[PDB]
Amino acid sequence: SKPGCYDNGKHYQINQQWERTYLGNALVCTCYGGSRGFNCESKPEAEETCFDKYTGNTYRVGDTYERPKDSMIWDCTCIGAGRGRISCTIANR
């Protein structure tokens, strides 16, 4: 039994922050203890906005917007966050 935070082959102390990588991309990490653990995250850069490479409009992350494409309707969601994860899944109903 012993607390601490082992990452990147280093021995940091709880409540400590360090820089890592998720597979192969920037990814910071913050220790919360031996029980809470740590939650990594990519170099923050203001999360709350889109672009819509399709046309290039402005949409928030807290709002959905359908997008008619082809003979199939989908409900695209401005799931930017990290950058742009606009998920478009067929209508629920």
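Taken together, the values in this text are just the output of simple stated rules run on the coordinates, not laboratory data. Cβ: placed from backbone, ideal geometry, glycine included. Neighbour counts: every protein chain shown.
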>> Of everything in region 8-31, what is in contact with a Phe, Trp or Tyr (Cβ under 6 Å, 6 or more places away or on another chain) and farther than 29 Å from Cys78 by Cα? Give them in sequence order.
In response: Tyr12, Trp18, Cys31
>> Name the single residue that is nearest to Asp7 (Cα to Cα) among those in region 83-93 being loosely packed, with under 14 Cβ neighbours inside 10 Å and either in contact (Cβ under 8 Å) with a residue 40 or more places away in the chain or β-branched (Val, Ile, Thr) (or both).
In response: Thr89
> Mind checking which residues of region 3-57 are out of contact with any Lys or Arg (no Cβ under 9 Å at 6 or more places or on another chain) and among the aromatic types (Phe, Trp, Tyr)?
Replying inline: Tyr6, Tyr12, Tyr22, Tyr32, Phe38, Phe51
> Say we look at region 71-82 and pick out the residues that are assigned to a loop (DSSP other than H, G, I, E, B) and not aliphatic (A, V, I, L, M); which of these is surrounded by the most Cβ atoms within 10 Å (Cβ to Cβ)?
Replying inline: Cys78
